[PDB]
Amino acid sequence: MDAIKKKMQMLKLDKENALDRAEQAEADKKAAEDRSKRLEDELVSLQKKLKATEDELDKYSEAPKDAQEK
Amino acid sequence: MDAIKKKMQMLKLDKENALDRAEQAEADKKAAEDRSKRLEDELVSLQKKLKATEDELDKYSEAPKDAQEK
Amino acid sequence: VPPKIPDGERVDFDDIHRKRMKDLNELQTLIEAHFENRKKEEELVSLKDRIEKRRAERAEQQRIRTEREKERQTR
Amino acid sequence: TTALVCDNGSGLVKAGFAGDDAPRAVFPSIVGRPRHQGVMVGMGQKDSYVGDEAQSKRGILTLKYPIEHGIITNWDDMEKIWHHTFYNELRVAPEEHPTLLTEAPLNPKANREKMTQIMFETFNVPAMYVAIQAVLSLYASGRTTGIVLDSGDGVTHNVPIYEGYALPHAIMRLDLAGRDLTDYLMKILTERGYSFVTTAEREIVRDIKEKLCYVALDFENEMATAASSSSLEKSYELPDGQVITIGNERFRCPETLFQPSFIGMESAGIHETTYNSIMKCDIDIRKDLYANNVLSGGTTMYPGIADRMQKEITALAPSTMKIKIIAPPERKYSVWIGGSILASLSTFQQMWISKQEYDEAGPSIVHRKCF
Amino acid sequence: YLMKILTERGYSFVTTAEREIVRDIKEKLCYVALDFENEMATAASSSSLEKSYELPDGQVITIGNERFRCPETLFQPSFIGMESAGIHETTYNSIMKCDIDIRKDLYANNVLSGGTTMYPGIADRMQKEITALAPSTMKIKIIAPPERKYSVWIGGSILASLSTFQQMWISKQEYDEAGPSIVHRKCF
Ligand SMILES: Nc1ncnc2c1ncn2[C@@H]1O[C@H](COP(=O)(O)OP(=O)(O)O)[C@@H](O)[C@H]1O
Ligand SMILES: [Mg+2]
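Chains as they are written, first to last, in the entry's author numbering: chain J, 1 to 70; chain I, 1 to 70; chain K, 84 to 158; chain C, 5 to 375; chain B, 188 to 375.
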């Protein structure tokens, strides 16, 4: 008939809307998770640099006792 | 007829699938955003303590320099 | 000199929204028209059933009358 | 008062008052003089049947369209069509109504100037404005960006727009449209035995094209399938009986859009002129144009074109961009719906070409600020 | 651009073969206006500019103010949508990037070459534009030899005929030893 065709059109328009929203949400989620894992790597690097600076501080804290002994 | 019923049902099913997929992606995005915010808030303090360690190293290196040159 | 559009304010993506909103209204009016139309047209099937009863009775009447005329004519 | 949103088009004149959803009167734009002699006296035979009246008496007329490719080639017939549209299909005198005509891009100036001169002198309207047929189709979609491919019946043009700023250097106008597809279908039907020659039978071939033809998703596979099985052969009943069976002519007629070499045209199909029109745009608005490709016009109503075009552009475009093709169900009247929306705006109410302005600068006012 | 503005009168050239016809029209008819606005005003009132031209099959065409609008794109690249400045201002910018002591010599020895600089009346428009841009004291001179089109090739012949240049060629044995990347090396 005619109205059945209108119902068929409507039942696909909302499908297209949902698919578009799903694609947008997937892209946003992937971008956010990539940024989060990059920040995780940044935090690991910062921890490593803190450890290295603490090592250098341990060296220049060992030096003063020998210096006083000198 | 027959094909109309199953076609409409399949369209509705796929619309619901897209909706749930978008909801899941939104939840993952919220989780990633929270993780990123928490990571940054503590990474700033990590950088601050790294700078404090660096300044401590600077002074604990200035002292042995003078002591050796003393 | 090209046409420089004067200073407006709005709108977008809303009049299309309200125009597409009445799809449900259109579907309802179409389905109502279809239902009432089938209901107000199928009665002609009953009317033609009446036509069939009238033709059946007239055919019986004409068979009887033609037999009567054949009886009354062949002398 | 209310504005008259007329839309000349080429093949179907669509008109109606501003602010509605659909045009009030849609009828073919053909004017056909009778060609035989005529023996009955007092039958009340007129000298020219225009509009939808000449699609019922077409058996003894010689229909001739007054608009060839966007441009108007026969001004007297076009004036007759306009007079019919105003007085008999809408029954509103033009002395009390603004008009909003539509015109294809890159058309000759003289056509537009003559159009405004007619509207101001013969019909004597209060004020008229001429708008490009693609901006309206972009209005109707409710967008503000996007590249619109308006494949009418006369001419196919592809106007890209971003944020409301049209890009005049990226308009790609191609003269292949529905009429050439009708002629090509009428030419390939002769391969089965059916010969249509008369200008009246062109209408029958047009009906065949509308009701049966479809655009194939992949051309070679369809050509191979139609040559082995017989699941495609759809039959159609002429206006007098003698049903005909269309085989692989079904998807070969509208394939001309994507391979204009079929009718001898050099240019590339509508799948590649859109990509070229995009690539002429700046490098930073190509993603938005990729995502908001809009279809309009009558000829884009073939079943299965919104998938073939998307497949082709996805093949051409870079793999990362998302290609989306907007194909609203109200494609045919998209330009007129957009015209109604534009005429109903308050901000637009001072852009009309008022009659006193025309009296002061002549018909060349249309090229001036009031575009 | 000429093929695109011819459509404003009714003449449509689309085929890649008809691009050659439009090129011939451009070569034979177009000229560069000394002052653009005055020419646009004159061509819109009189009809002393409309020159006709016969296509390869008849049907003569009449070019109006398309004559000086096609080559005007050189001085206003905004016509074809290009952002950059015209050939009248990129020369001045190229001069101003040079050192402060050789600007007078460059001002006095501006050279034109190449085919497209053969439009009738360009050596005056360019001089007027640069004189407008440049300081009032410097003398602006534009060298426009009549053999402009083949200027590059004549110079090439002169360079190849020199004795001092005879040892700059990229000899084949050198290419065999260093590969095609030899061209970027000392033998430029
Ligand atoms: N449902 C359809 N399927 C296929 N082709 C169609 C359909 N409707 C119209 N057409 C083609 O489109 C043309 C009408 O296009 P239209 O948009 O009216 O042109 P215009 O831009 O001049 O109004 C007709 O000539 C016909 O060939
Ligand atoms: Mg149209």
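All C-beta atoms, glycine included, are put in the ideal place defined by N, C-alpha and C.
Could I get the ranges of all uninterrupted beta strand (DSSP E) runs contained in the segment 258–326 of chain C, with 3 residues as the minimum, in chain order?
Entirely contained in the segment 258–326 of chain C, the beta strand (DSSP E) runs reaching 3 residues are, in chain order, 297–300.
Measuring straight from C-alpha to C-alpha, what distance separates C/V219 and B/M313?
If you take the alpha carbons of C/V219 and B/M313, they lie about 55 Å apart.
Return the first residue and the last residue of the alpha helix (DSSP H) that C/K373 is part of.
Careful: C/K373 lies outside any alpha helix (DSSP H) and carries neither H nor E.
Determine, for J/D2, whether the minimum Cβ-Cβ distance to residues of chain I falls below 9 Å.
For J/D2, the answer is no, since every Cβ of chain I falls outside 9 Å of its Cβ.
Exposure of C/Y69, with buried meaning 16 or more beta-carbon neighbours within 10 Å
Burial call: buried.
Cα separation between B/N297 and B/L261?
One C-alpha to the other measures close to 17 Å.
Contact under 9 Å by Cβ, B/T278 with B/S271
No, they are not a contact pair.
Exposed or buried, which one is residue 399 of chain C when buried takes at least 16 other CB atoms within 10 Å?
Here chain C comprises residues numbered 5 to 375, so residue 399 of chain C is not present and cannot be evaluated.
In this structure, does DSSP put K/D132 in helix, strand or coil?
Of the three classes helix, strand and coil, the one that applies to K/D132 here is helix, per DSSP.
Cβ-based contacts, 9 Å cut-off: residues of the segment 352–373 of chain C near chain K
Within the segment 352–373 of chain C, the residues whose Cβ lies closer than 9 Å to some Cβ of chain K are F352, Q354, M355, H371, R372, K373, listed in chain order.
Since C/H73 and C/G158 should fall inside the 8 Å C-beta cutoff, what is the C-beta to C-beta distance between them, to a whole number of angstroms?
About 5 Å separates the Cβ atoms of C/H73 and C/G158, confirming a contact at the 8 Å cut-off.
Touching by the beta-carbon criterion (3+ pairs, under 8 Å), the segment 324–334 of chain C and the segment 95–110 of chain C:
In this structure the segment 324–334 of chain C does not lie against the segment 95–110 of chain C, because fewer than three pairs of beta carbons, one per stretch, are closer than 8 Å.
As a quick exercise: from C/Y143, C/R290, C/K84, C/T126, pick the residue whose alpha carbon is nearest that of C/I317.
Looking at the Cα atoms, C/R290 is the closest of the given residues.
Of all the CB atoms in chain K, is at least one closer than 9 Å to the CB of J/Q9?
Taking Cβ atoms only, chain K reaches closer than 9 Å to J/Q9, which makes this a yes.
Determine, for C/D25, whether the minimum Cβ-Cβ distance to residues of chain K falls below 9 Å.
Chain K places a beta carbon closer than 9 Å to that of C/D25, counting this residue as a contact.
Let me confirm a value: residue 46 of chain K is counted as buried when at least 16 other C-beta atoms fall within 10 Å, else exposed. Which label applies?
This structure cannot settle anything about residue 46 of chain K, because the visible part of chain K is limited to 84 through 158.
Return the first residue and the last residue of the alpha helix (DSSP H) that B/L189 is part of.
Note, B/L189: alpha helix (DSSP H), 189–192.
Does ligand 1 have even one heavy atom less than 8 Å from the beta-carbon of C/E93?
In this structure, ligand 1 has no non-hydrogen atom nearer than 8 Å to the beta-carbon of C/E93.
State the Cα-Cα distance for the pair C/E125 and C/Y362, rounded to the nearest angstrom.
Going by the C-alpha atoms only, they are around 10 Å apart.
Does the segment 139–147 of chain K come close enough to the segment 128–136 of chain C that 3 or more CB-CB pairs lie under 8 Å?
Contact between the segment 128–136 of chain C and the segment 139–147 of chain K is absent, because fewer than three Cβ pairs lie under 8 Å.
Tell me which residues pass a beta-carbon proximity test against ligand 1: closer than 5 Å to any heavy atom, given in chain order.
Spelled out in chain order, the answer is C/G13, C/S14, C/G15, C/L16, C/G156, C/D157, C/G182, C/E214, C/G301, C/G302, C/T303, C/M305.
Checking the sheet assignment: what are the DSSP bridge partners for C/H161?
C/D154, C/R177, per the DSSP bridge assignment.
Is B/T277 near ligand 4, in the sense that its beta carbon is under 8 Å from a heavy atom of that ligand?
Annotation note on ligand 4: not contained in the displayed structure, which lists ligand 1 and ligand 2 as its ligands.
Just to confirm, is the Cβ distance from C/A144 to C/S338 under 9 Å?
Yes; because the gap between Cβ atoms is below 9 Å, this pair is in contact.
Please state whether the Cβ-Cβ distance between C/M355 and K/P89 is less than 9 Å.
Remark: C-beta atoms of C/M355 and K/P89 approach each other more closely than 9 Å.
With which residues is C/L8 paired in a DSSP beta bridge?
In DSSP, C/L8 forms a bridge with C/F21, C/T103.
Other residues of its chain near C/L67: CB distance less than 7 Å, five sequence neighbours each side excluded
Cβ within range, chain order: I34, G36, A58, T203, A204.
Please list the partners that C/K113 has in chain B, where partner means a Cβ-to-Cβ separation under 8 Å.
The answer, in chain order, is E195, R196.
What I want to know is whether the C-beta of residue 376 of chain C ends up closer than 8 Å to one or more non-hydrogen atoms of ligand 2.
Coverage of chain C is limited to positions 5 through 375, which leaves residue 376 of chain C absent and any answer about it impossible.
Find out if the Cβ-Cβ distance for the pair C/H173, C/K284 is shorter than 9 Å.
Taking 9 Å as the Cβ cut-off, C/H173 and C/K284 qualify as a contacting pair.
Under 9 Å by beta carbon: chain B residues contacting C/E270:
The contact set of C/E270 on chain B, defined by CB atoms closer than 9 Å, consists of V201, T202, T203, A204 in chain order.
Under 7 Å Cβ-Cβ, which residues of chain C neighbour K/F96?
Those are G146, listed as they occur along chain C.
Mind checking the segment 104–125 of chain K against chain J and listing, in chain order, the residues whose C-beta falls within less than 9 Å of any C-beta there?
Cβ contacts with chain J come from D106, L107, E109, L110, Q111, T112, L113, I114, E115, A116, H117.
Could you tell me the distance, in whole angstroms, from the CA atom of C/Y198 to the CA atom of C/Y169?
Rounded to the nearest angstrom, the two C-alpha atoms are 50 Å apart.
Whole angstroms is fine: what's the gap from C/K18's alpha carbon to C/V247's?
Distance between the alpha carbons of C/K18 and C/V247 is about 32 Å.
Do C/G23 and C/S348 have their C-beta atoms within less than 9 Å of each other?
Their beta carbons are under 9 Å apart, which means C/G23 touches C/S348 by this criterion.
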